[PDB]
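Asker: I am sharing query21.pdb, which consists of PDB, C-alpha atoms and all ligand atoms:
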```
ATOM      1  CA  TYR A1316     136.909 112.765  59.600  1.00  0.00           C
ATOM      2  CA  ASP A1317     139.671 110.695  57.774  1.00  0.00           C
ATOM      3  CA  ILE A1318     138.872 111.215  53.975  1.00  0.00           C
ATOM      4  CA  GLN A1319     141.205 108.243  53.012  1.00  0.00           C
ATOM      5  CA  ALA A1320     139.954 105.566  55.578  1.00  0.00           C
ATOM      6  CA  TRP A1321     137.349 104.076  53.156  1.00  0.00           C
ATOM      7  CA  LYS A1322     140.075 102.347  51.049  1.00  0.00           C
ATOM      8  CA  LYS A1323     141.362  99.932  53.793  1.00  0.00           C
ATOM      9  CA  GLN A1324     137.719  99.456  54.966  1.00  0.00           C
ATOM     10  CA  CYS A1325     136.784  98.307  51.404  1.00  0.00           C
ATOM     11  CA  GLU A1326     139.918  96.024  51.174  1.00  0.00           C
ATOM     12  CA  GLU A1327     138.810  94.284  54.459  1.00  0.00           C
ATOM     13  CA  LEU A1328     135.184  93.931  53.251  1.00  0.00           C
ATOM     14  CA  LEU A1329     136.367  92.370  49.894  1.00  0.00           C
ATOM     15  CA  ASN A1330     138.510  89.883  51.978  1.00  0.00           C
ATOM     16  CA  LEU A1331     135.365  88.805  53.925  1.00  0.00           C
ATOM     17  CA  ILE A1332     133.391  88.446  50.636  1.00  0.00           C
ATOM     18  CA  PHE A1333     136.179  86.202  49.133  1.00  0.00           C
ATOM     19  CA  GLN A1334     135.931  83.875  52.318  1.00  0.00           C
ATOM     20  CA  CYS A1335     132.080  83.643  51.864  1.00  0.00           C
ATOM     21  CA  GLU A1336     131.035  80.433  49.932  1.00  0.00           C
ATOM     22  CA  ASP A1337     128.188  82.517  48.318  1.00  0.00           C
ATOM     23  CA  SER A1338     130.874  84.598  46.360  1.00  0.00           C
ATOM     24  CA  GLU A1339     132.331  81.657  44.389  1.00  0.00           C
ATOM     25  CA  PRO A1340     130.222  82.203  41.141  1.00  0.00           C
ATOM     26  CA  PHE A1341     131.204  85.935  41.201  1.00  0.00           C
ATOM     27  CA  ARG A1342     135.006  85.851  42.026  1.00  0.00           C
ATOM     28  CA  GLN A1343     136.207  85.823  38.340  1.00  0.00           C
ATOM     29  CA  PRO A1344     134.599  86.949  35.038  1.00  0.00           C
ATOM     30  CA  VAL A1345     131.662  84.711  33.908  1.00  0.00           C
ATOM     31  CA  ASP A1346     133.112  81.846  31.740  1.00  0.00           C
ATOM     32  CA  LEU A1347     131.831  82.300  28.167  1.00  0.00           C
ATOM     33  CA  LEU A1348     132.671  78.631  27.332  1.00  0.00           C
ATOM     34  CA  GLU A1349     130.193  77.550  30.139  1.00  0.00           C
ATOM     35  CA  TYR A1350     127.589  80.319  29.161  1.00  0.00           C
ATOM     36  CA  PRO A1351     127.981  80.985  25.401  1.00  0.00           C
ATOM     37  CA  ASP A1352     124.988  83.444  25.150  1.00  0.00           C
ATOM     38  CA  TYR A1353     126.210  85.607  28.142  1.00  0.00           C
ATOM     39  CA  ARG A1354     127.205  88.730  26.076  1.00  0.00           C
ATOM     40  CA  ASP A1355     123.825  88.616  24.174  1.00  0.00           C
ATOM     41  CA  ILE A1356     122.155  89.520  27.544  1.00  0.00           C
ATOM     42  CA  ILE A1357     124.911  91.353  29.585  1.00  0.00           C
ATOM     43  CA  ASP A1358     126.537  94.508  28.078  1.00  0.00           C
ATOM     44  CA  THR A1359     128.922  95.282  31.040  1.00  0.00           C
ATOM     45  CA  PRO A1360     130.519  92.215  32.745  1.00  0.00           C
ATOM     46  CA  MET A1361     131.732  92.704  36.363  1.00  0.00           C
ATOM     47  CA  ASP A1362     133.276  90.420  39.068  1.00  0.00           C
ATOM     48  CA  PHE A1363     134.930  90.757  42.524  1.00  0.00           C
ATOM     49  CA  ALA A1364     138.516  90.183  41.190  1.00  0.00           C
ATOM     50  CA  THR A1365     138.050  93.161  38.799  1.00  0.00           C
ATOM     51  CA  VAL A1366     136.683  95.320  41.734  1.00  0.00           C
ATOM     52  CA  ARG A1367     139.655  94.369  44.016  1.00  0.00           C
ATOM     53  CA  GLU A1368     142.250  95.028  41.168  1.00  0.00           C
ATOM     54  CA  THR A1369     140.645  98.483  40.367  1.00  0.00           C
ATOM     55  CA  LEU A1370     140.890  99.416  44.123  1.00  0.00           C
ATOM     56  CA  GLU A1371     144.541  98.183  44.523  1.00  0.00           C
ATOM     57  CA  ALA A1372     145.616 100.005  41.275  1.00  0.00           C
ATOM     58  CA  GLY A1373     144.392 103.334  42.770  1.00  0.00           C
ATOM     59  CA  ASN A1374     141.605 103.655  40.134  1.00  0.00           C
ATOM     60  CA  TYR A1375     138.663 104.383  42.527  1.00  0.00           C
ATOM     61  CA  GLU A1376     138.352 107.994  43.790  1.00  0.00           C
ATOM     62  CA  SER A1377     135.510 107.215  46.311  1.00  0.00           C
ATOM     63  CA  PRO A1378     133.611 104.307  47.924  1.00  0.00           C
ATOM     64  CA  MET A1379     130.519 105.338  45.866  1.00  0.00           C
ATOM     65  CA  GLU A1380     132.379 104.288  42.650  1.00  0.00           C
ATOM     66  CA  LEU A1381     133.282 100.855  44.190  1.00  0.00           C
ATOM     67  CA  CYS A1382     129.613 100.435  45.409  1.00  0.00           C
ATOM     68  CA  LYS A1383     128.325 101.098  41.796  1.00  0.00           C
ATOM     69  CA  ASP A1384     130.539  98.257  40.388  1.00  0.00           C
ATOM     70  CA  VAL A1385     129.591  95.757  43.193  1.00  0.00           C
ATOM     71  CA  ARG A1386     125.831  96.524  42.583  1.00  0.00           C
ATOM     72  CA  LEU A1387     126.449  95.784  38.804  1.00  0.00           C
ATOM     73  CA  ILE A1388     127.655  92.218  39.757  1.00  0.00           C
ATOM     74  CA  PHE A1389     124.233  91.688  41.443  1.00  0.00           C
ATOM     75  CA  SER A1390     122.084  93.362  38.685  1.00  0.00           C
ATOM     76  CA  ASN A1391     123.931  91.197  36.055  1.00  0.00           C
ATOM     77  CA  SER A1392     122.939  88.045  38.070  1.00  0.00           C
ATOM     78  CA  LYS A1393     119.253  89.128  38.164  1.00  0.00           C
ATOM     79  CA  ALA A1394     119.276  89.871  34.395  1.00  0.00           C
ATOM     80  CA  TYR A1395     121.022  86.560  33.346  1.00  0.00           C
ATOM     81  CA  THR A1396     119.117  84.161  35.618  1.00  0.00           C
ATOM     82  CA  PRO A1397     116.303  82.134  33.927  1.00  0.00           C
ATOM     83  CA  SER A1398     114.505  81.779  37.301  1.00  0.00           C
ATOM     84  CA  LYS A1399     114.240  83.831  40.523  1.00  0.00           C
ATOM     85  CA  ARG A1400     114.599  80.390  42.318  1.00  0.00           C
ATOM     86  CA  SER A1401     117.957  79.484  40.717  1.00  0.00           C
ATOM     87  CA  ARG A1402     120.926  78.362  42.926  1.00  0.00           C
ATOM     88  CA  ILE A1403     123.367  81.058  41.630  1.00  0.00           C
ATOM     89  CA  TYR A1404     120.808  83.947  41.765  1.00  0.00           C
ATOM     90  CA  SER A1405     119.819  82.841  45.367  1.00  0.00           C
ATOM     91  CA  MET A1406     123.553  83.135  46.324  1.00  0.00           C
ATOM     92  CA  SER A1407     123.668  86.655  44.814  1.00  0.00           C
ATOM     93  CA  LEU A1408     120.764  87.850  47.034  1.00  0.00           C
ATOM     94  CA  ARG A1409     122.394  86.612  50.315  1.00  0.00           C
ATOM     95  CA  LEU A1410     125.771  88.186  49.260  1.00  0.00           C
ATOM     96  CA  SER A1411     123.981  91.513  48.377  1.00  0.00           C
ATOM     97  CA  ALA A1412     122.318  91.636  51.871  1.00  0.00           C
ATOM     98  CA  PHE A1413     125.783  91.026  53.515  1.00  0.00           C
ATOM     99  CA  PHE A1414     127.481  93.701  51.320  1.00  0.00           C
ATOM    100  CA  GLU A1415     124.719  96.367  51.918  1.00  0.00           C
ATOM    101  CA  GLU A1416     124.849  95.732  55.738  1.00  0.00           C
ATOM    102  CA  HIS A1417     128.668  96.399  55.832  1.00  0.00           C
ATOM    103  CA  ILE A1418     129.090  99.214  53.192  1.00  0.00           C
ATOM    104  CA  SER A1419     126.483 101.568  54.785  1.00  0.00           C
ATOM    105  CA  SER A1420     128.879 102.827  57.570  1.00  0.00           C
ATOM    106  CA  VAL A1421     131.773 103.089  55.012  1.00  0.00           C
ATOM    107  CA  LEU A1422     129.661 105.433  52.816  1.00  0.00           C
ATOM    108  CA  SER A1423     128.280 107.426  55.807  1.00  0.00           C
ATOM    109  CA  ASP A1424     131.770 108.033  57.349  1.00  0.00           C
ATOM    110  CA  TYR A1425     133.297 109.070  53.951  1.00  0.00           C
ATOM    111  CA  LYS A1426     130.462 111.519  53.124  1.00  0.00           C
ATOM    112  CA  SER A1427     130.638 113.047  56.701  1.00  0.00           C
ATOM    113  CA  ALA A1428     134.497 113.375  56.458  1.00  0.00           C
ATOM    114  CA  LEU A1429     134.180 115.178  53.059  1.00  0.00           C
ATOM    115  CA  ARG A1430     131.458 117.581  54.399  1.00  0.00           C
ATOM    116  CA  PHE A1431     133.811 118.425  57.365  1.00  0.00           C
ATOM    117  CA  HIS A1432     136.757 119.004  54.889  1.00  0.00           C
ATOM    118  CA  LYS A1433     134.591 121.450  52.830  1.00  0.00           C
ATOM    119  CA  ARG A1434     132.886 123.171  55.899  1.00  0.00           C
TER     120      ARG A1434
HETATM  121  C1  LIG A1501     119.769  79.441  37.000  1.00  0.00           C
HETATM  122  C2  LIG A1501     120.744  78.733  36.183  1.00  0.00           C
HETATM  123  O1  LIG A1501     120.499  77.542  35.812  1.00  0.00           O
HETATM  124  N1  LIG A1501     121.864  79.437  35.844  1.00  0.00           N
HETATM  125  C3  LIG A1501     122.477  80.665  36.251  1.00  0.00           C
HETATM  126  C4  LIG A1501     121.933  81.772  36.934  1.00  0.00           C
HETATM  127  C5  LIG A1501     122.678  82.896  37.219  1.00  0.00           C
HETATM  128  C6  LIG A1501     124.010  82.999  36.820  1.00  0.00           C
HETATM  129  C7  LIG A1501     124.562  81.939  36.106  1.00  0.00           C
HETATM  130  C8  LIG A1501     123.797  80.810  35.800  1.00  0.00           C
HETATM  131  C9  LIG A1501     125.975  82.027  35.594  1.00  0.00           C
HETATM  132  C10 LIG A1501     126.540  83.424  35.518  1.00  0.00           C
HETATM  133  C11 LIG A1501     126.240  84.262  36.737  1.00  0.00           C
HETATM  134  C12 LIG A1501     124.824  84.201  37.183  1.00  0.00           C
HETATM  135  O2  LIG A1501     124.367  85.082  37.929  1.00  0.00           O
END
```
Can the structure from this file be put into structure tokens for me?

Answerer:
Amino acid sequence: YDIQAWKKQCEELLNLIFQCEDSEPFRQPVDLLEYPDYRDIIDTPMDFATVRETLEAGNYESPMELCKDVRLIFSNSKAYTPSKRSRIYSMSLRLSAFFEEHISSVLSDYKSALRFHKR
């Protein structure tokens, strides 16, 4: 029933994601010199360095807010890819499966802790 425990749990999960080879296209903002049409397709850029900085600045209130921004990294990959068989999109789907498998208990414990607080 620790209402604050999600923050260290999310720091440790971001560390694992940075060690994963599948995260490399997603660690920093998409390079507009490499992809000059990117902002014609994607209205809200997101990347794992921006997620980690927002967490360490104390600018997330809950793990649900962090989860929304990580899911935006993956939806941006699906929208920008020219093929569902592309190398970079294929990496995004493995990373998404890994993320979803690990964040489920983080979300469950936080929501249980808050219900107990408000009982
Ligand atoms: C398939 C292909 O040739 N290119 C491709 C696909 C997806 C993505 C990128 C390039 C770069 C930006 C991030 C992203 O998700």

Asker: Name the residues captured by the PyMOL selection byres (((not hetatm)) within 7 of (chain A and resi 1501)) when it is applied to the shown file; answer as a ChimeraX atom specification.

Answerer: /A:1340-1341,1345,1350,1391-1393,1395-1398,1401-1404

Asker: With C-alpha atoms retained, export the selected residues as a short mmCIF file (atom, residue, chain, number, x, y, z; two decimals), in the coordinates of the input.

Answerer:
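Contents of selection_31.cif, freshly written:
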```cif
data_model
loop_
_atom_site.label_atom_id
_atom_site.label_comp_id
_atom_site.auth_asym_id
_atom_site.auth_seq_id
_atom_site.Cartn_x
_atom_site.Cartn_y
_atom_site.Cartn_z
CA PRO A 1340 130.22 82.20 41.14
CA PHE A 1341 131.20 85.94 41.20
CA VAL A 1345 131.66 84.71 33.91
CA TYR A 1350 127.59 80.32 29.16
CA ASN A 1391 123.93 91.20 36.06
CA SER A 1392 122.94 88.04 38.07
CA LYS A 1393 119.25 89.13 38.16
CA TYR A 1395 121.02 86.56 33.35
CA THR A 1396 119.12 84.16 35.62
CA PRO A 1397 116.30 82.13 33.93
CA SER A 1398 114.50 81.78 37.30
CA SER A 1401 117.96 79.48 40.72
CA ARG A 1402 120.93 78.36 42.93
CA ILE A 1403 123.37 81.06 41.63
CA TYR A 1404 120.81 83.95 41.76
#
```

Asker: When distances are computed from only C-alpha atoms, which of A:1389, A:1427, A:1411, A:1416 shows the smallest separation from residue 1357 of chain A?

Answerer: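 Of A:1389, A:1427, A:1411, A:1416, the one nearest residue 1357 of chain A is A:1389, counting only C-alpha atoms.
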
Asker: To one decimal in Å, tell me the separation between atom CA of residue 1388 of chain A and atom CA of residue 1361 of chain A.

Answerer: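 Pair atom CA of residue 1388 of chain A / atom CA of residue 1361 of chain A returns 5.3 Å.
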
Asker: If we count only C-alpha atoms and set the cut-off at 12 Å, which residues sit around residue 1336 of chain A, ignoring sequence neighbours fewer than 6 positions away in its own chain? Please answer as a PyMOL selection string.

Answerer: chain A and resi 1342+1403+1406-1407+1409-1410

Asker: So what do you get for atom CA of residue 1412 of chain A versus atom CA of residue 1424 of chain A, distance-wise?

Answerer: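 Atom-to-atom, atom CA of residue 1412 of chain A to atom CA of residue 1424 of chain A, that is 19.7 Å.
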
Asker: Between atom CA of residue 1316 of chain A and atom CA of residue 1414 of chain A, measure the distance and give it in Å to one decimal.

Answerer: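 If I compute the distance from atom CA of residue 1316 of chain A to atom CA of residue 1414 of chain A, I get 22.8 Å.
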
Asker: Hey, what's within 12 Å of residue 1415 of chain A if we count all atoms listed in the file and toss same-chain stuff fewer than 2 positions away? As a list in words, please?

Answerer: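 With the cut-off at 12 Å, the set is residues 1328, 1332, 1382, 1383, 1385, 1386, 1389, 1408, 1409, 1410, 1411, 1412, 1413, 1417, 1418, 1419, 1420, 1421 and 1422 of chain A.
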
Asker: Would you save the residues of that selection, restricted to C-alpha atoms, as a CSV table (one decimal), in the frame of the given file?

Answerer:
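Final output, result_36.csv:
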```csv
chain,number,residue,atom,x,y,z
A,1328,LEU,CA,135.2,93.9,53.3
A,1332,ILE,CA,133.4,88.4,50.6
A,1382,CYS,CA,129.6,100.4,45.4
A,1383,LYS,CA,128.3,101.1,41.8
A,1385,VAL,CA,129.6,95.8,43.2
A,1386,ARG,CA,125.8,96.5,42.6
A,1389,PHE,CA,124.2,91.7,41.4
A,1408,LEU,CA,120.8,87.8,47.0
A,1409,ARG,CA,122.4,86.6,50.3
A,1410,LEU,CA,125.8,88.2,49.3
A,1411,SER,CA,124.0,91.5,48.4
A,1412,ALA,CA,122.3,91.6,51.9
A,1413,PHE,CA,125.8,91.0,53.5
A,1417,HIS,CA,128.7,96.4,55.8
A,1418,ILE,CA,129.1,99.2,53.2
A,1419,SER,CA,126.5,101.6,54.8
A,1420,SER,CA,128.9,102.8,57.6
A,1421,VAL,CA,131.8,103.1,55.0
A,1422,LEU,CA,129.7,105.4,52.8
```

Asker: What box, with edges along x, y and z, holds each listed atom of segment 1380-1386 of chain A when 6 Å is added on every side, and can you state its centre and edge lengths in Å to one decimal, as AutoDock Vina command-line options?

Answerer:
```
--center_x 129.6 --center_y 100.0 --center_z 42.9 --size_x 19.5 --size_y 20.5 --size_z 17.0
```

Asker: Compare A:1371, A:1394, A:1378, A:1323 by their minimum atom-to-atom distance to residue 1354 of chain A, counting all atoms listed in the file, and give me the closest one.

Answerer: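 Using all atoms listed in the file, residue 1354 of chain A sits closest to A:1394.
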
Asker: Which residues are near residue 1325 of chain A? Cut-off 9 Å, all atoms listed in the file, ignore same chain within fewer than 4 positions. Put them as a PyMOL selection string.

Answerer: chain A and resi 1320-1321+1329-1330+1367+1370+1378+1381+1418+1421

Asker: Reconstruct segment 1404-1423 of chain A at the level of N, CA, C and O atoms, and format the result as a compact mmCIF listing (two decimals), in the coordinates of the input.

Answerer:
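Here's the written file out28.txt:
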```
# COMPACT_ATOMS: atom_id res chain seq x y z
N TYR A 1404 121.51 82.68 41.44
CA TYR A 1404 120.81 83.95 41.76
C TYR A 1404 120.52 84.00 43.28
O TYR A 1404 120.67 85.10 43.89
N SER A 1405 120.12 82.89 43.91
CA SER A 1405 119.82 82.84 45.37
C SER A 1405 121.08 83.23 46.15
O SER A 1405 120.98 83.95 47.17
N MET A 1406 122.25 82.74 45.72
CA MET A 1406 123.55 83.14 46.32
C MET A 1406 123.79 84.64 46.20
O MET A 1406 124.24 85.30 47.17
N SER A 1407 123.49 85.20 45.03
CA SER A 1407 123.67 86.66 44.81
C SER A 1407 122.83 87.47 45.82
O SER A 1407 123.34 88.53 46.28
N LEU A 1408 121.61 87.05 46.12
CA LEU A 1408 120.76 87.85 47.03
C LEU A 1408 121.29 87.80 48.48
O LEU A 1408 121.25 88.86 49.18
N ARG A 1409 121.81 86.67 48.95
CA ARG A 1409 122.39 86.61 50.32
C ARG A 1409 123.65 87.49 50.34
O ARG A 1409 123.90 88.25 51.32
N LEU A 1410 124.52 87.40 49.31
CA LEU A 1410 125.77 88.19 49.26
C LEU A 1410 125.44 89.69 49.23
O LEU A 1410 126.15 90.49 49.90
N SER A 1411 124.42 90.10 48.47
CA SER A 1411 123.98 91.51 48.38
C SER A 1411 123.56 92.02 49.78
O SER A 1411 123.93 93.14 50.15
N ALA A 1412 122.79 91.23 50.51
CA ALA A 1412 122.32 91.64 51.87
C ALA A 1412 123.55 91.88 52.77
O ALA A 1412 123.59 92.87 53.55
N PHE A 1413 124.51 90.95 52.74
CA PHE A 1413 125.78 91.03 53.52
C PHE A 1413 126.56 92.30 53.14
O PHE A 1413 127.00 93.10 54.03
N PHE A 1414 126.76 92.52 51.83
CA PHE A 1414 127.48 93.70 51.32
C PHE A 1414 126.80 95.00 51.81
O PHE A 1414 127.50 95.92 52.32
N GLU A 1415 125.49 95.11 51.58
CA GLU A 1415 124.72 96.37 51.92
C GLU A 1415 124.80 96.66 53.43
O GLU A 1415 125.02 97.84 53.83
N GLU A 1416 124.80 95.60 54.24
CA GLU A 1416 124.85 95.73 55.74
C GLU A 1416 126.20 96.34 56.17
O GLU A 1416 126.23 97.15 57.09
N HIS A 1417 127.28 96.00 55.48
CA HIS A 1417 128.67 96.40 55.83
C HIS A 1417 129.07 97.71 55.14
O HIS A 1417 129.85 98.47 55.74
N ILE A 1418 128.61 97.99 53.91
CA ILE A 1418 129.09 99.21 53.19
C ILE A 1418 128.39 100.48 53.70
O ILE A 1418 128.92 101.57 53.52
N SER A 1419 127.26 100.37 54.38
CA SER A 1419 126.48 101.57 54.78
C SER A 1419 127.34 102.50 55.66
O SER A 1419 127.31 103.73 55.43
N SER A 1420 128.07 101.97 56.64
CA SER A 1420 128.88 102.83 57.57
C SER A 1420 130.08 103.39 56.80
O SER A 1420 130.52 104.54 57.08
N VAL A 1421 130.63 102.62 55.85
CA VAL A 1421 131.77 103.09 55.01
C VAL A 1421 131.34 104.36 54.26
O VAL A 1421 132.09 105.40 54.24
N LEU A 1422 130.22 104.30 53.57
CA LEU A 1422 129.66 105.43 52.82
C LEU A 1422 129.33 106.61 53.74
O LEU A 1422 129.71 107.74 53.43
N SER A 1423 128.66 106.36 54.86
CA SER A 1423 128.28 107.43 55.81
C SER A 1423 129.53 108.16 56.33
O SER A 1423 129.53 109.42 56.36
```
